[PDB]
């Protein structure tokens, strides 16, 4: 190609110093002061920047390139996870939309806004499967299902990169965290991951492959061990699998200080040996620790690495810059030199309509006793709890360049909706935690949690006076965003105790109690499901969160969100997930005995299963019908069902298709998602839903990692959640 000629001609000009400079990815910080970094760019010693995110600041770096010998342009990256300046819901909330077009819209707008500020790359999407609700990074993924997360992984990559990676409104996707990062033992961040190869191939690796097959330009390597070998030093993972088996042609990027962390993992006794392990494993670009620039020349001179190791790494960096259009115009995302200056954070540069529409789709109605919701815009509404007026929490963790002061709180959304037609009464009620050690943690590094200095009792008495003066209570409760972030693993999945004390006292007033939950992970909600009159899961809903939440609470939008991760009854049940194996002694409704796979001291199964979520209307499914009883190899089967809105309000629901392979050479899950359809219906409307199934839906990795579909029975389940289904069978020939 012209591309491989261009790259080979450029690399034939480069010294090893220049090639190694391309591998260096750095941020402005205590480790890399701005002026020292600018001098290094002028010297050709920097390949890319992260965490510089405004047009003037990015232009100033790109300007320094003109002073180097070869003038190779930088690329600029950032953590655009669920929004750049207009923040969408957290990924776990986006997944609850069950709508690839909603997810695509969030990614497209994110890319538009990030590229509008001069960024070329996001460290996104995060596509790690999560089965352990304790892990603080569950908020960054799409939940527990391999099918859904694989589909959304490909959608996010395509939406970011567009039809052309050189387009000024495109960014390159660096899919993360390769691999298995969300299986951390104990749900402790960065911890050991240990799993069988069949589980790895069938359940955990497919989302990364979906990103590679969608054309992701980059892969960000994870921080964890995989079966004893840190990903950063894992040649099987980064070379044999990612390059040789999957055919990935793009850029591998280390995580932050990950090469140096090989010493703490016990793979290397010094930085020189760590550098050798990372580059030979297949890590191209070294984030922040500068080990590559410090040690690659010495390693090469000693014969401890090959010239081909440097050349591979450099070619991948240059090829990413080529695809981004940066050799054609290094300023293609930076406008013209005499464009007038502007306010990066101007209102007119936000996308509030997209954020509000997307955030409505993710909200999950978990409980609604006797039609309490939707509320009428009238009377006296008490708005109570530490998350009601929180701008910092509504934008979530990994909020990129989001500005808390631009965010709509739940309180403000309700004020906007009711204008002068209803009276809102506010009381904080409790601090986010009553445990001072937890507040100390959450205010470590940055003051992110406002602490009311009053006693817990004084806050409670104020909230009880407010509730007593109202017709009903909207309690806005749950986690602060720093409880569901990197390194914030939890041993308790309940609402914090200070807030549960508040909820118990509010319940005792007899006022109708509506819970508006914010949180970044599944929560244990047994008391709430028994006592609250209605419960709306809002995740962290973003810059327009409070307006989208008010839209649902007042019935402008009929809640349509459904869970993509199972909600355990308690932390002592972890893990719970819907695509588990039967065991020899299943406990389910049809197997209720003592000598089954169960706990004895708590009810069994999730409180809310995968695919659960209610509506202000009711839906009906006709009987499931398959197009035949037998499926030949090479053929497709259809599964048909009619969905009807049998209630009085328009709304959407999600029709889910699951497969079981009840007899196989491995024990296969009791159900596995293999299709879904989100459908919006007016009252009395029907839609015929046709699912297609072929052999590709039926295959699995056996003990020898053969990817096989075995002849025999398959069971096809359809329903509006993973627990409320019916089945029909066919036979594969």
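Positions refer to the first chain, counted from 1. Each form is matched to the other, and the largest set of C-alpha atoms that superpose within 1.5 Å is called the rigid core.
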* To do: Kindly name the stretch, out of 580-588 and 648-656, whose CA atoms are displaced more from this form in 5 other deposited structures of this protein after the core superposition?
  => 580-588
* Figure out for me whether 139-147 or 444-452 is the more displaced stretch in 5 other deposited structures of this protein, taking RMS C-alpha distance from the shown form once the rigid core is superposed. => 444-452
* To do: Between 230-238 and 164-172, point out the one with the higher average CA B-factor as the PDB entry records it.
  => 164-172
* To do: Look over 632-640 and 81-89 in the entry and identify the one with the greater average Cα temperature factor.
  => 632-640
* To do: Please work out which residue in 144, 339, 537, 479 has the highest C-alpha B-factor recorded for this crystal structure.
  => 339
* **Deposited CA B-factor, highest of 244, 653, 196, 498** => 244
* Structure fact -> Entry-reported C-alpha B-factor of residue 669 relative to its chain, by third, is lowest
* Chain third (lowest, middle, highest) by recorded CA B-factor, residue given as residue 182 -> lowest
* Among the modelled residues of its chain, does the C-alpha B-factor of residue 511 lie in the lowest, middle or highest third? -> highest
* To do: Compare the C-alpha B factor of residue 278 with those of the other modelled residues in its chain, then answer lowest, middle or highest third.
  => lowest
* To do: Ordered by C-alpha B-factor within the chain, which third holds residue 722? Give me lowest, middle or highest, please.
  => lowest
